[PDB]
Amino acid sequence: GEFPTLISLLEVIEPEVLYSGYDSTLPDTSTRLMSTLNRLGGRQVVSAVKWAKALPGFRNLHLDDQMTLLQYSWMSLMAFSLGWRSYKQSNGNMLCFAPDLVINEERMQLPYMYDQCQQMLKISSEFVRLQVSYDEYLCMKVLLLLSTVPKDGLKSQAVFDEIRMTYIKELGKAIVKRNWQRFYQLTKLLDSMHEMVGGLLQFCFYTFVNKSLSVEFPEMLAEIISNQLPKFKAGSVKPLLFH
């Protein structure tokens, strides 16, 4: 027979790019822009729950574990994909949040935008610097989902460890499909994602609690952010680093 490759499977469960429906006819405010991004983000996260579910192995975790991983890593998954789309669609020059919603120079210049957009372009330019391939990206994306765990560790740490084993192998296969040196670089990029995202989480928590700014969040994200917020205060959240 010949089981289809795990790469080929990842390729087909990769979600299709969502659409913002952003109306560039009305005037650009920064509360408006951020509230849009959050709404779009809400949708991307739903799209990412579907993806995780179709993910060979993911389902064998305890439901607590699936929660924990999706809660702890959503912002990384989203920023990673964003970085990818910006890499493809504009070669890392502009944030391509959707095809109907790109960030240009007006709207990076809007209040609050420049800082946060700088950080997300950093992610983008890594893909540029390392000429990352689609297959490399897909495996790295799975490893991102599996990169943050409670300091307590997970319930079914058993299954957890074997899942990482698989996708680390998969990452290696992908490196090949496109040479010892490469795997180092990539696991270093995975490592450096924790820092690159920490800033985004910080600003996110700010716009979430700052009542004056009237940045709206979909109930999807709000529920996650509200749950995550005491856990980051306690600092009870462990990055898995390769180095």
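Here the rigid core means the biggest group of C-alpha atoms that line up within 1.5 Å when the two forms are laid on top of each other. Residue indices: 1-based, along the sequence shown.
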For a rigid core alignment of each structure in 6 other deposited structures of this protein onto the shown form, which stretch has the higher root mean square Cα deviation: 133-141 or 101-109? 101-109
After superposing on the rigid core, which of 207-215 and 59-67 has its C-alpha atoms sitting farther from this form in 6 other deposited structures of this protein? 207-215
Unmodelled stretch of the deposited sequence separating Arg178 from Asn179, binned as none, 1 to 3, 4 to 9 or 10 or more: 4 to 9
I need to verify one thing: averaged over C-alpha atoms only, is the B-factor higher for 179-187 or for 64-72? 179-187
Decide which of the stretches 125-133 and 141-149 has the higher mean C-alpha B-factor, going by the entry. 125-133
Which listed residue, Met78, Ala158, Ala98, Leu110, has the largest C-alpha temperature factor in the record? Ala158
Top Cα B-factor in this entry, restricted to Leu18, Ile224, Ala234, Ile13, sits on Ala234
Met165: CA temperature factor from the record, placed by chain third, in the middle
Relative C-alpha B-factor of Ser30, binned into the chain's lowest, middle or highest third: middle
Among the modelled residues of its chain, does the C-alpha B-factor of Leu82 lie in the lowest, middle or highest third? lowest
Chain thirds of CA B-factor: placement of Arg59: highest
Per the entry's values, where does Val46 land by CA temperature factor relative to the rest of its chain, in the lowest, middle or highest third? middle
